[PDB]
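A.B. asks: If you scroll down you'll find the structure; I have some questions about it.
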Amino acid sequence: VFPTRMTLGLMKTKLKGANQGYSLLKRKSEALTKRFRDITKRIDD
Amino acid sequence: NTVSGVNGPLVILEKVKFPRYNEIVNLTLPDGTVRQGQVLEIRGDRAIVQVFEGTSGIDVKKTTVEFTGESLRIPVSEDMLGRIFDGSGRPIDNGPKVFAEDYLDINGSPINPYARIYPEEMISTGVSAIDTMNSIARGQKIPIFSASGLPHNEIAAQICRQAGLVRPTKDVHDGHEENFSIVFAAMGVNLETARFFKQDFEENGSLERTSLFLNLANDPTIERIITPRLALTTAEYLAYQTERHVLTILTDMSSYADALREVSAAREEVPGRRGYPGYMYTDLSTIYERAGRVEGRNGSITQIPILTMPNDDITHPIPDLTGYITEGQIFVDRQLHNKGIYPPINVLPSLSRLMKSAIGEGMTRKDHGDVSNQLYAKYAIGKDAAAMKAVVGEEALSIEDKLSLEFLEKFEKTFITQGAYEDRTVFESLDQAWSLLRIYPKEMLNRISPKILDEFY
Amino acid sequence: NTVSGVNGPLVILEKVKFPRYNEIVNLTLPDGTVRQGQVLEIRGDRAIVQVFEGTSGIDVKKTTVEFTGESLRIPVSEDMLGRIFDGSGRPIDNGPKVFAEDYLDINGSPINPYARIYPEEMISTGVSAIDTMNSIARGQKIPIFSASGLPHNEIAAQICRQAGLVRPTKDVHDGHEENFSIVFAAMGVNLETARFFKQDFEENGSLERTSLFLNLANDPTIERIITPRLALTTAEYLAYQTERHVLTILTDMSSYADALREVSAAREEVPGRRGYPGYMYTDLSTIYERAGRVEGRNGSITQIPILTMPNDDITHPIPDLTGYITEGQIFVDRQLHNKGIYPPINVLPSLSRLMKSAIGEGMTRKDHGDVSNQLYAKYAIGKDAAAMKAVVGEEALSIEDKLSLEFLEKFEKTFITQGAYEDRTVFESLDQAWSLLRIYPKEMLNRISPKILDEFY
Amino acid sequence: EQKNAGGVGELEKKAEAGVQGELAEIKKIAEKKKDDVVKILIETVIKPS
Amino acid sequence: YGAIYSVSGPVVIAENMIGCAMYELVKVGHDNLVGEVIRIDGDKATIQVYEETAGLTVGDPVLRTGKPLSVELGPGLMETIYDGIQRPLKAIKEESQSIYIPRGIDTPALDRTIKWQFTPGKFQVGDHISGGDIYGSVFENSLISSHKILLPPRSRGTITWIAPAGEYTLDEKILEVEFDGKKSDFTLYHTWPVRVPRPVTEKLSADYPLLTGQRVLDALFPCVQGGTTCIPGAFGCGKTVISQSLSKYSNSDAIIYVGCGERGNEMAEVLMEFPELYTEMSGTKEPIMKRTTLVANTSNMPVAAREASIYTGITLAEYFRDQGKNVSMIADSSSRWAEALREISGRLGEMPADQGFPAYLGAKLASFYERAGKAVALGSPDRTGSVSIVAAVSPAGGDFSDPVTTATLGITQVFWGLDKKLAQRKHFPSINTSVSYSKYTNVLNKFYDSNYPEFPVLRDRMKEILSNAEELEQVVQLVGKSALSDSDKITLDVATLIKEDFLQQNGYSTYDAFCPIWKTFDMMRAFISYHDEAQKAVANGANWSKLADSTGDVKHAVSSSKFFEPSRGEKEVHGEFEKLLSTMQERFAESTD
Amino acid sequence: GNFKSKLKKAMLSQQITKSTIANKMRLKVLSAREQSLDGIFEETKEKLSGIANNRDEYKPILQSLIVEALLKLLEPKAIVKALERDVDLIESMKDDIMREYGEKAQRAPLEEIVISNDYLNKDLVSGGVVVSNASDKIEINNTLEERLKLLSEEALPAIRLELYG
């Protein structure tokens, strides 16, 4: 149960918080695994 | 004259054009009982009445009306305490009627000699979480917002038991000097709980000091709404004529709201947003009007309305409109109740916007308003830090936030918690506030001027 | 001659059924104040009238009515321009008579000669963000969706005031052989705002290029929806008979929509979602029908309606219906206004769907289309880069992201940002674009043909 | 700024002279065609409108 | 005349109401209640009756007086509290013995015993006269004797009689005007319809800034005298404290305080507080009161009065405007007026279509607004008068998506935010640059440039610091901090300083009774200088931590600014802040190398 | 910086004079046009009085004014306000006005013409009549001045095009 009369406004911003996090965090993840791979070949040698 | 028709519980009388507005009429039914009804509206060669006893029995040609010639007014005595009444003030114990010394109007629109002096002296309800944070002043009306899934009836009860045991604490504080009296009105509340209310008055020894008006849901809707108006009027008489501090506890607003809603289903007057009347605001405001310092400025009436949110949200019509008429709000919450807390009071949306001005150092302390301000900011961060803690992990935590997480629990389980029978000194309350704050450095504080802090901390 | 009643804005006059629809009627008051109104409905021995000025204060017997015999039409003329009017098109300038050469209907269509030939040939607004990135060619109707969090009136003025100083520059390159006229319509406006538009125009010397119609917000709602209708008709006559390219600026569509929702208070007509009509489509369409290429097609009527989101909701019924009908949309966001960029048009979700169709040469260049692709794509990537920088830091960021970042700051602070009295012709804009894009090598520029890329980096 | 200390008062020399001839042709053709336009107005008003 | 057809709620319907209009003043019943015919349905008129019913019967007469319902504006408006129907509250306290209006009791609109000193105008006999021209003046208080007696809006003629200087009553005629035959005799009071916008010589664009006396309100977007403003509320965030506080701190020649539909306790507070406290205009013997004309409606009184409140209130600002007095009208809260409008909508039975709210609501809100603004005072001697409308908006259902707020933002050109989360945390009034705008800004910063300040430059940077902080905070919440740029950290830190010193202030700033522009500028100037030096300092190489540690002494000093009051430099320019700039420059020197 | 700024400022003040030249030219031209128009109309009403004051020439004109009004009235009694010399004029051709309505409408002859005791001034109108319903529910204001004013709406474009188009 969550408020019926004009929750819409808060709940929309929740979505925008979430959304921003997927893109940014995926960029961050992408970059760390790209580095990780570089290290892998170095460490092995 | 006679019934033309009945539309819903509303009864349509066809009658000749003479009656007063809000004039009591007595309907003679063929069953050995005569009943009273009040003209809700008077119109062109008909009047629509809702009859105060029962809802069935009206006939087409077997009915007779006679006009009483007098509109309903409540007959008031200050000897009305120490008596048990129903919703019409009739006795249920046989014998104690309202009786009179004066006759005063049920709306309280004629007299209205409400003082132009703003809430002054301190009032407490002996519950630390109420007293310190949203501090009660005489003549201040601040609502109790509750939700069902709660022992919300037990919270109301607790306040009724506590009211009048507070008063020697207050005498000593010098925010009371004069008699304390209770005016108690019940609307649509359970049988068990009605015995709990009588029992709480009995224990206190304030049974003599209180009046009980008892109104169930098997007593009519129109009659339900009248009940607090009778109570209210009697409180105004107590406050004005004999310069007393009157506390009227008015439960349950929600039941009162429904009753209003059931009507207008055959009135010409039309219902607005969410099927609630648009003049629902107007109805609330009539109830609320008797509240404030009386003229003589040695009496006052303080009013505590009890609202259970039937849907749980605060944007529901019943709470939303009330919060506006009042000056702040007090939030009880389901979540505290679940952990195993009593009385479970959340303080985060709870604020009273006329709190600072009323109170001063003479019956509180100057830090009373500062020490309260600090505790809201820290509690608020602790609550957001908790939500974030679940989702992301302990990655978004920072030093202040970890400290804030502990603060939340510390506050919840020591500060807000206390026994039903327990009551609390305001000065005591303030040392326990300081204690909780002692786990944070002083440089992190900023809702308190550095002068004030240095003295009491 | 006998006013029956008034029910809100809607006035019921009781007189015979011999008038026709939208025939002006005159309410003659004993106050010596003649007010005109237009019949909304005519029924048997009564008509329902909305009075343009006021709507109440008419007696029920001391009044007379007279019927004009003429349905409402605009006296239209080419000598009408350069003058300030009300919402009925009547001078407030203190100037001479309106003058006529024809009387044209303002009901929705005068002759409707909207072509079955699609848009080409550039119309320049003198704002870099709109013109290069979202090319508007005549007949197209692209709205500005702005919000109240932006200064919507000031941006609207900017488009008018800088528009038509683009034109000598166009004439030389040979885009326009015929002249340029502006029709500016202001709705439910504030007094400071009405004056502001005239002063801006006076300053540029665009005053006699345009006619300004002001309807003020104390003026009743019915006048307000009539205002753009008057404007749009005037424009269709200048465009058809004397062949001129006209840009019509209509602010505020949100106030027009409100008026439409507002009327209905004795009608048996019910609204749709959020209280806004089910027929809100129909009303929008009405403004929209006067917009497009005129017959003969060297003149045109070009429409830019301005819509203000009151609560930043793109799922709000007003923008949604409009958005479906319109050939793209311009989005203006609060965020950029906050950094202090002015105008703050984020070109991030903005689109012109007939972008290619507008450009050519002689008022554009060939290289216009390719550039539009480089700048949009690079910009989007620039926003994404800003978020990543905050996380990784400045000393741990990528080369590609670093470039994208540099572009974001310059793009915002040079292309979008322009001064209040600085005109940005399309040729001027395209040069500034090559400086920004230069920072990327040729290796990272590729949505550009190597032919172009070799000419201009 | 000296051409903006001379550019005022010069507005009215150019505003008058610029229509000096337009304002004479307006009053000229009005006196001519006056009875012949009036005579049409006379017919409409004095027979059903 | 008319015979009561039906009485439903406090609404009375009466048949046989012919040669009646739709704003008529009427006496309703045998009880002679004050009332007004809002609308008519055929012969049957629907009348809103401004005193309650409890005993008014059907078939009692209804007598139309032969004129609209108007309000009386004369002398003695100042230093007295009235209601929204405008009957003196004070006179009601003695005579009825009831503090608030009793039923069936009627009292005329102003006091009829009070005598005033009339001094002659600038007219003599046989002179042509017009409306809003000054026929005399009355020495009304001790702070102000600026109460000009005017010929009414919509009056012209020749003055047959000019009475000489002396003591008169306000019922005792002093003027005869003849227009075409006797127009009427005139007195000190004049009547004005509360349903019409008061005539004006011309409206002029706003361009003179009023200083609110609140550093924060001036800093982000300056107020103007002549303007329109929204301040969000929530009904438990100290909105009352800042309303009453603004009223004291803002300085105009006359102030009109209009309680729309209030707690009754809150109204009571202002009535008590104002003679106890002092003016900044050197007011004496009930200081503030002498400057205020007060309209008091509680929500518990009849709904008609509460409709009437705003309209009477605006007419009072407007009356004083024609005299050449600059007015601040603070109306609180406009959402309670809308709630009264929703009430009327359902009681008459008119259609609601504004989200369960009135048909008329959007237009009535605009109509009230347009009456405020800056103007050349009515009458030909030429004065400047202005009205700035500060109208509080607050929820009527949703947070900003309620009808009231949606309409108001459309029409308002100034909006100053108030966030709830910061309110509970005690950092009110909180102005958020995304939830705030001013369209008056560009003319206002150019005005302040003429006055001395560099103001426009400071505005852009103030905006930039707040603006980037909101976006960086969103990355902080989700991702966390493990890294956050050297530059980004600086912006966050400095934005905290701005919160604490400006945004937080309401009984926490020991000087706040009136704050000059120069002082605000000087304070913000130190903050912005600290910012630019700091970001340059990390880039030319120097750790973020070394930079915090060395700035040290000055950083505290800006943190503490808020308590400081003009006592050094000029009367508006403060030396501690001027000293601060130079010391800052020295800190940068230590910090870079 | 300030050279360029003060320069933009005076170049803007320069184009406000272009705007005042363009507004003052167009205001003069147009106000000379309005003055000619009010001499066309002014002459119409000096000729109309001349016709009206010669009663025998006027007699058919009065008949057709009332009859024009009756076609839009369609009530069984009509109340006629006229000038002092024209209530007598009407009286002596009562039979011809109700005859001529019955032959020129479908509706059966007007049963009565009510000759009014309220009269029109030479100060308002040049003559003409106010034909109104019996219970005074509707008025067909068919006066000479009212008619010329109404005429002006349709005649204005005809005349504007011929003279200045």
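Residues are referred to by chain and number: the chain letter is A, B, ... according to the order shown in the structure tokens, the number counts from 1 in that chain, and ligands are numbered separately from 1 in the order shown.
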Please return, as a ChimeraX atom specification, all residues of chain E lying within 8 Å of chain C when only C-alpha atoms are considered.

C.D. replies: /E:18-23,39-43,203-206,350-356,359-360,362-363,366-368,370,400-401,406-407,409-411,433-439,460,463-464,467-468,472,475,479,483-485,488

A.B. asks: Can you write just those residues out, C-alpha atoms, as a PDB file, in the first residue's frame?

C.D. replies:
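What follows is the written file again_22.pdb:
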ATOM      1  CA  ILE E  18     -37.173  40.881  -9.959  1.00  0.00           C
ATOM      2  CA  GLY E  19     -35.295  44.014 -10.920  1.00  0.00           C
ATOM      3  CA  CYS E  20     -32.475  42.276  -9.156  1.00  0.00           C
ATOM      4  CA  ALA E  21     -29.000  41.721 -10.257  1.00  0.00           C
ATOM      5  CA  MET E  22     -26.300  39.256  -9.411  1.00  0.00           C
ATOM      6  CA  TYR E  23     -24.250  41.026  -6.808  1.00  0.00           C
ATOM      7  CA  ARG E  39     -26.674  33.895  -9.088  1.00  0.00           C
ATOM      8  CA  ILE E  40     -30.282  33.613 -10.187  1.00  0.00           C
ATOM      9  CA  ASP E  41     -32.227  30.670 -11.745  1.00  0.00           C
ATOM     10  CA  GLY E  42     -35.291  32.220 -13.304  1.00  0.00           C
ATOM     11  CA  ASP E  43     -37.388  33.923 -10.522  1.00  0.00           C
ATOM     12  CA  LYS E 203      -0.067  50.292 -15.168  1.00  0.00           C
ATOM     13  CA  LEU E 204       3.704  50.436 -15.510  1.00  0.00           C
ATOM     14  CA  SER E 205       6.238  47.664 -15.610  1.00  0.00           C
ATOM     15  CA  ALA E 206       7.896  46.712 -12.330  1.00  0.00           C
ATOM     16  CA  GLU E 350     -22.285  24.426  -9.942  1.00  0.00           C
ATOM     17  CA  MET E 351     -20.117  22.062 -11.925  1.00  0.00           C
ATOM     18  CA  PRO E 352     -16.534  21.356 -10.769  1.00  0.00           C
ATOM     19  CA  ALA E 353     -14.232  20.417 -13.515  1.00  0.00           C
ATOM     20  CA  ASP E 354     -10.806  21.616 -12.349  1.00  0.00           C
ATOM     21  CA  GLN E 355      -9.912  18.161 -10.822  1.00  0.00           C
ATOM     22  CA  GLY E 356     -12.839  17.996  -8.485  1.00  0.00           C
ATOM     23  CA  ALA E 359     -15.027  25.754 -13.020  1.00  0.00           C
ATOM     24  CA  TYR E 360     -14.249  29.301 -12.235  1.00  0.00           C
ATOM     25  CA  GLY E 362      -8.374  29.179 -12.681  1.00  0.00           C
ATOM     26  CA  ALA E 363      -9.868  32.471 -13.840  1.00  0.00           C
ATOM     27  CA  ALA E 366      -5.804  35.220 -12.332  1.00  0.00           C
ATOM     28  CA  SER E 367      -8.282  38.023 -11.660  1.00  0.00           C
ATOM     29  CA  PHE E 368      -6.904  38.562  -8.169  1.00  0.00           C
ATOM     30  CA  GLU E 370      -3.882  41.327 -12.202  1.00  0.00           C
ATOM     31  CA  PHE E 400       2.355  20.711  -6.542  1.00  0.00           C
ATOM     32  CA  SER E 401      -0.186  18.775  -8.807  1.00  0.00           C
ATOM     33  CA  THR E 406      -0.775  24.313 -11.282  1.00  0.00           C
ATOM     34  CA  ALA E 407      -2.795  27.462 -12.088  1.00  0.00           C
ATOM     35  CA  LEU E 409       2.630  28.930 -11.483  1.00  0.00           C
ATOM     36  CA  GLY E 410       1.173  29.780 -14.938  1.00  0.00           C
ATOM     37  CA  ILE E 411       0.282  33.266 -13.955  1.00  0.00           C
ATOM     38  CA  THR E 433      17.090  26.835  -8.166  1.00  0.00           C
ATOM     39  CA  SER E 434      15.072  24.149 -10.066  1.00  0.00           C
ATOM     40  CA  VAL E 435      11.927  24.855  -8.120  1.00  0.00           C
ATOM     41  CA  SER E 436      12.572  28.666  -8.392  1.00  0.00           C
ATOM     42  CA  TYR E 437      12.459  31.357 -11.072  1.00  0.00           C
ATOM     43  CA  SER E 438      12.168  35.047 -11.555  1.00  0.00           C
ATOM     44  CA  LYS E 439      11.262  36.664 -14.768  1.00  0.00           C
ATOM     45  CA  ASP E 460      25.424  33.394 -12.361  1.00  0.00           C
ATOM     46  CA  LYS E 463      23.374  29.487  -9.617  1.00  0.00           C
ATOM     47  CA  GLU E 464      26.266  27.263 -10.879  1.00  0.00           C
ATOM     48  CA  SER E 467      23.130  23.668  -9.810  1.00  0.00           C
ATOM     49  CA  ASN E 468      26.080  21.171 -10.083  1.00  0.00           C
ATOM     50  CA  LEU E 472      26.776  15.206  -8.106  1.00  0.00           C
ATOM     51  CA  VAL E 475      25.976  10.100  -8.278  1.00  0.00           C
ATOM     52  CA  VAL E 479      27.456   4.880  -6.614  1.00  0.00           C
ATOM     53  CA  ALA E 483      36.117   9.043  -5.758  1.00  0.00           C
ATOM     54  CA  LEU E 484      34.582  12.406  -6.429  1.00  0.00           C
ATOM     55  CA  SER E 485      36.710  15.030  -8.337  1.00  0.00           C
ATOM     56  CA  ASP E 488      33.385  18.510  -7.359  1.00  0.00           C
TER      57      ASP E 488
END

A.B. asks: For chain B fitted to chain C over all Cα atoms in order, what RMSD does a least-squares superposition give?

C.D. replies: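 Between these identical-sequence chains, the C-alpha RMSD is 2.2 Å.
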
A.B. asks: Could you tell me, as an MDAnalysis selection string, which residues of stretch 128-272 of chain E DSSP assigns to helix (DSSP H, G or I) when given the backbone?

C.D. replies: chainID E and resid 215:220 239:249 265:272

A.B. asks: For stretch 24-38 of chain D, work out the shell of residues within 10 Å, counting only C-alpha atoms and skipping chain neighbours fewer than 2 positions away, then give it as a compact mmCIF listing (two decimals) with N, CA and C atoms, in the first residue's frame.

C.D. replies:
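Now in selection_23.txt:
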# COMPACT_ATOMS: atom_id res chain seq x y z
N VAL D 19 4.56 61.71 -45.39
CA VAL D 19 3.12 61.51 -45.60
C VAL D 19 2.56 62.83 -45.93
N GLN D 20 3.35 63.89 -46.21
CA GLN D 20 2.83 65.14 -46.54
C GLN D 20 1.86 65.14 -47.74
N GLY D 21 2.23 64.33 -48.79
CA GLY D 21 1.50 64.06 -49.98
C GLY D 21 0.43 62.99 -49.79
N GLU D 22 0.55 62.09 -48.79
CA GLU D 22 -0.42 61.01 -48.67
C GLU D 22 -1.63 61.66 -48.04
N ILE D 40 -25.09 55.93 -52.36
CA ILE D 40 -25.32 54.47 -52.18
C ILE D 40 -25.76 54.18 -50.75
N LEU D 41 -25.15 54.84 -49.77
CA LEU D 41 -25.49 54.69 -48.34
C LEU D 41 -26.92 55.08 -48.10
N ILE D 42 -27.40 56.15 -48.80
CA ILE D 42 -28.74 56.71 -48.74
C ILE D 42 -29.71 55.66 -49.17
N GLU D 43 -29.53 54.95 -50.26
CA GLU D 43 -30.42 53.86 -50.74
C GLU D 43 -30.62 52.71 -49.93
N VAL F 29 -1.57 58.75 -41.42
CA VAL F 29 -2.14 58.33 -42.69
C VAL F 29 -3.45 57.83 -42.30
N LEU F 30 -3.46 56.91 -41.37
CA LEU F 30 -4.73 56.25 -40.96
C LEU F 30 -5.76 57.17 -40.30
N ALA F 32 -6.31 60.26 -41.04
CA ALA F 32 -6.73 61.09 -42.11
C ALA F 32 -7.69 60.32 -42.91
N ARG F 33 -7.48 59.01 -43.06
CA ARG F 33 -8.45 58.11 -43.59
C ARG F 33 -9.80 58.10 -42.68
N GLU F 34 -9.70 58.19 -41.33
CA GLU F 34 -10.79 58.00 -40.48
C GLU F 34 -11.62 59.27 -40.56
N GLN F 35 -10.90 60.41 -40.65
CA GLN F 35 -11.53 61.67 -40.76
C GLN F 35 -12.34 61.86 -42.02
N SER F 36 -11.99 61.19 -43.12
CA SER F 36 -12.71 61.29 -44.39
C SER F 36 -13.97 60.46 -44.36
N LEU F 37 -13.88 59.31 -43.65
CA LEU F 37 -14.90 58.37 -43.45
C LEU F 37 -15.98 59.03 -42.61
N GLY F 39 -16.75 62.01 -42.70
CA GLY F 39 -17.36 63.15 -43.40
C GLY F 39 -18.29 62.58 -44.40
N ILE F 40 -18.08 61.25 -44.81
CA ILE F 40 -19.01 60.51 -45.72
C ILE F 40 -20.28 60.27 -44.90
N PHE F 41 -20.05 59.81 -43.64
CA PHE F 41 -21.19 59.47 -42.83
C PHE F 41 -21.94 60.66 -42.31
N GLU F 42 -21.22 61.73 -42.02
CA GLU F 42 -21.70 62.97 -41.48
C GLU F 42 -22.63 63.55 -42.52
N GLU F 43 -22.31 63.54 -43.88
CA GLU F 43 -23.05 64.06 -44.99
C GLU F 43 -24.34 63.22 -45.21
N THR F 44 -24.32 61.85 -44.95
CA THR F 44 -25.43 60.93 -45.05
C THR F 44 -26.55 61.37 -44.11
N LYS F 45 -26.23 61.78 -42.93
CA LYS F 45 -27.19 62.15 -41.97
C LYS F 45 -27.71 63.63 -42.09
N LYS F 47 -28.26 64.92 -45.38
CA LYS F 47 -29.18 64.56 -46.42
C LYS F 47 -30.43 63.83 -45.78
N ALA F 155 -20.44 48.39 -45.53
CA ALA F 155 -20.09 49.43 -46.42
C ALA F 155 -18.62 49.75 -46.30
N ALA F 158 -16.28 47.96 -48.68
CA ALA F 158 -16.57 48.39 -50.05
C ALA F 158 -15.84 49.70 -50.43
N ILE F 159 -15.93 50.63 -49.44
CA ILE F 159 -15.35 51.92 -49.51
C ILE F 159 -13.85 51.97 -49.30
N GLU F 162 -12.20 50.69 -52.64
CA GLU F 162 -12.38 51.63 -53.80
C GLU F 162 -11.39 52.81 -53.66
N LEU F 163 -11.23 53.24 -52.38
CA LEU F 163 -10.41 54.43 -52.15
C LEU F 163 -9.01 54.21 -51.90
N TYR F 164 -8.67 53.21 -51.05
CA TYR F 164 -7.39 53.00 -50.63
C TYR F 164 -7.01 51.52 -50.74

A.B. asks: Could you jot down the atom CA of residue C:353 to atom CA of residue C:302 separation for me, Å, one decimal place?

C.D. replies: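 The value is 15.4 Å.
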
A.B. asks: Against chain C, which residues of chain A fall within 12 Å? For each one I want the closest pair of atoms and the distance in Å (one decimal), counting only C-alpha atoms, rows by chain and increasing residue number, as a tab-separated table.

C.D. replies:
residue	atom	partner	partner_atom	distance
A:6	CA	C:274	CA	11.8
A:8	CA	C:313	CA	9.7
A:9	CA	C:313	CA	8.3
A:10	CA	C:313	CA	11.7
A:12	CA	C:313	CA	9.4
A:13	CA	C:313	CA	11.1
A:20	CA	C:387	CA	8.9
A:21	CA	C:387	CA	9.8
A:22	CA	C:387	CA	11.6
A:23	CA	C:384	CA	8.1
A:24	CA	C:388	CA	6.2
A:25	CA	C:388	CA	8.6
A:26	CA	C:388	CA	9.9
A:27	CA	C:388	CA	7.0
A:28	CA	C:388	CA	7.1
A:29	CA	C:388	CA	10.9
A:30	CA	C:388	CA	11.2
A:31	CA	C:398	CA	9.1
A:32	CA	C:392	CA	10.1
A:34	CA	C:398	CA	11.6
A:35	CA	C:396	CA	11.5

A.B. asks: Residues as selected, C-alpha atoms, written as a JSON list (two decimals), in the first residue's frame, can you do that?

C.D. replies:
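Result saved to selection_31.json:
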[["chain", "number", "residue", "atom", "x", "y", "z"],
["A", 6, "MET", "CA", -0.66, 12.12, -6.55],
["A", 8, "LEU", "CA", 2.87, 9.92, -9.41],
["A", 9, "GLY", "CA", 5.36, 12.82, -9.03],
["A", 10, "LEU", "CA", 7.57, 11.13, -6.38],
["A", 12, "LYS", "CA", 8.49, 9.20, -11.41],
["A", 13, "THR", "CA", 11.61, 10.63, -9.76],
["A", 20, "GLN", "CA", 20.58, 7.14, -14.10],
["A", 21, "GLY", "CA", 22.21, 4.44, -11.96],
["A", 22, "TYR", "CA", 21.97, 1.71, -14.71],
["A", 23, "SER", "CA", 23.81, 3.72, -17.37],
["A", 24, "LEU", "CA", 26.46, 5.17, -15.06],
["A", 25, "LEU", "CA", 27.13, 2.05, -13.18],
["A", 26, "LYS", "CA", 27.27, 0.04, -16.35],
["A", 27, "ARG", "CA", 29.95, 2.55, -17.71],
["A", 28, "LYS", "CA", 31.82, 2.17, -14.53],
["A", 29, "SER", "CA", 31.58, -1.68, -14.72],
["A", 30, "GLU", "CA", 32.59, -1.72, -18.37],
["A", 31, "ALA", "CA", 35.69, 0.28, -17.66],
["A", 32, "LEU", "CA", 36.79, -1.84, -14.68],
["A", 34, "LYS", "CA", 38.24, -3.56, -19.61],
["A", 35, "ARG", "CA", 41.22, -2.84, -17.25]]

A.B. asks: Which value, in Å to one decimal, gives the distance between atom CA of residue E:167 and atom CA of residue E:116?

C.D. replies: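 Distance between the two atoms: 5.9 Å.
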
A.B. asks: Show which residues sit within 7 Å of stretch 168-180 of chain C, as a PyMOL selection string. Count only C-alpha atoms, and ignore same-chain residues fewer than 5 positions away.

C.D. replies: chain C and resi 244-246+362-363

A.B. asks: Once you have the residues from the selection above, write them out as a PDB file, in the first residue's frame, restricted to N, CA and C atoms.

C.D. replies:
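Once everything was written out, this is result-v3.pdb:
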ATOM      1  N   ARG C 244       3.141  36.366 -48.635  1.00  0.00           N
ATOM      2  CA  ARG C 244       4.180  36.578 -47.665  1.00  0.00           C
ATOM      3  C   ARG C 244       4.351  35.399 -46.808  1.00  0.00           C
ATOM      4  N   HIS C 245       5.600  35.159 -46.408  1.00  0.00           N
ATOM      5  CA  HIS C 245       5.869  34.064 -45.533  1.00  0.00           C
ATOM      6  C   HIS C 245       5.648  34.587 -44.124  1.00  0.00           C
ATOM      7  N   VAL C 246       4.724  33.924 -43.359  1.00  0.00           N
ATOM      8  CA  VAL C 246       4.319  34.428 -42.043  1.00  0.00           C
ATOM      9  C   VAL C 246       4.666  33.393 -41.039  1.00  0.00           C
ATOM     10  N   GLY C 362      21.004  28.675 -50.322  1.00  0.00           N
ATOM     11  CA  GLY C 362      20.583  30.029 -50.575  1.00  0.00           C
ATOM     12  C   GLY C 362      19.861  30.598 -49.333  1.00  0.00           C
ATOM     13  N   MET C 363      19.916  29.763 -48.226  1.00  0.00           N
ATOM     14  CA  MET C 363      19.271  30.161 -47.005  1.00  0.00           C
ATOM     15  C   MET C 363      19.683  29.113 -45.966  1.00  0.00           C
TER      16      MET C 363
END

A.B. asks: Please measure the separation of atom CA of residue E:508 and atom CA of residue E:244, giving the value in Å to one decimal.

C.D. replies: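 Taking atom CA of residue E:508 as the start and atom CA of residue E:244 as the end point, the length is 15.6 Å.
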
A.B. asks: Within 10 Å of residue C:325, counting only C-alpha atoms, which residues show up once you throw out same-chain ones fewer than 6 positions away? Write them as JSON, numbers by chain, please.

C.D. replies: {"C": [141, 142, 281, 284, 285, 288]}

A.B. asks: Restrict the selected residues to C-alpha atoms and save them as a compact mmCIF listing (two decimals), in the first residue's frame.

C.D. replies:
# COMPACT_ATOMS: atom_id res chain seq x y z
CA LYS C 141 4.12 23.28 -37.03
CA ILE C 142 6.75 22.61 -34.39
CA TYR C 281 -8.18 17.04 -29.55
CA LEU C 284 -6.29 21.82 -30.60
CA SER C 285 -6.98 20.85 -34.11
CA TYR C 288 -3.83 23.64 -36.14

A.B. asks: For each of A:5, A:37, A:45, A:16, take the minimum atom-to-atom distance to chain E, counting only C-alpha atoms, then give the residue where this is smallest.

C.D. replies: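 So, comparing all the options, the nearest one is A:5.
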